[PDB]
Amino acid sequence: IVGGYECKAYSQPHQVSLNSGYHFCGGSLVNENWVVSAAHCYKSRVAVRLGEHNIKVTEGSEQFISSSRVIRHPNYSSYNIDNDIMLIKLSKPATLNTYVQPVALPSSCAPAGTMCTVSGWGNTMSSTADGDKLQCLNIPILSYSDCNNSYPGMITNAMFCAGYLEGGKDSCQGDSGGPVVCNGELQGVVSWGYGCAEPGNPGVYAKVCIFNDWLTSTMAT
């Protein structure tokens, strides 16, 4: 997260860290048994770290749970990072408490202008922001016109841009798979962008609201 601030500890209880020897992606707990992440964050097996704030220090609020199923969306296509969404099933249910709480899926899609929050332990591109401590950033959803203008013909029905065309504030490498919460529900998954916080290159996120049927279907299976 570039241009953001350190989140109040545990203010994003759905935020998880995907670990395979080190932190490589974010994710969002959507219930006691499932985590929503990006398909480009795929790995046959991953460690899901919940209840984290400082991923480098043991705080006692953590729960480390290994995945038992990792399912990339069937229409995921890496060449254009389309349908970049993935479900991770926990081998054992997470214990819901003060530090671990699921985020609700969207009842409907959020329109351009909606102010949301994105968080993660990714690159901060700043000597002041400590990526080891969960970073938070408020970003507004951009209009399709501005999104497509930034990346001509590269925006699909499964994507939306959020952030500032002026640069300085955006998600980044390491935040991938993480959440974009708008008014309490999960509208996006950190997916891609040219660089980070670069003028004219806003963040692109997987549009969670159109994946409800697949999400609920799969989690029941």
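Numbers for residues come from their place in the sequence shown, where the first is 1.
The PDB entry reports B-factors from which the mean C-alpha value can be compared for 119-127 and 143-151; the larger average falls on 119-127. For the pair 170-178 and 64-72, the mean B factor over Cα atoms is greater in 64-72.
The residue among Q187, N183, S44, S191 whose C-alpha carries the highest B-factor in the deposited model is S44. In the deposited coordinates, the residue among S107, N83, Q101, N80 with the greatest CA B-factor is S107. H53: CA B factor in the middle third of modelled residues in this chain (values from the PDB entry). Ranked by Cα temperature factor within the chain, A197 sits in the highest third according to the deposited record. Among all modelled residues in this chain, the alpha-carbon of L90 has a temperature factor (C-alpha) in the highest third.
Residue-level temperature factors show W34 in the middle third of its chain, judged at the C-alpha atom. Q15: CA B factor in the lowest third of modelled residues in this chain (values from the PDB entry).
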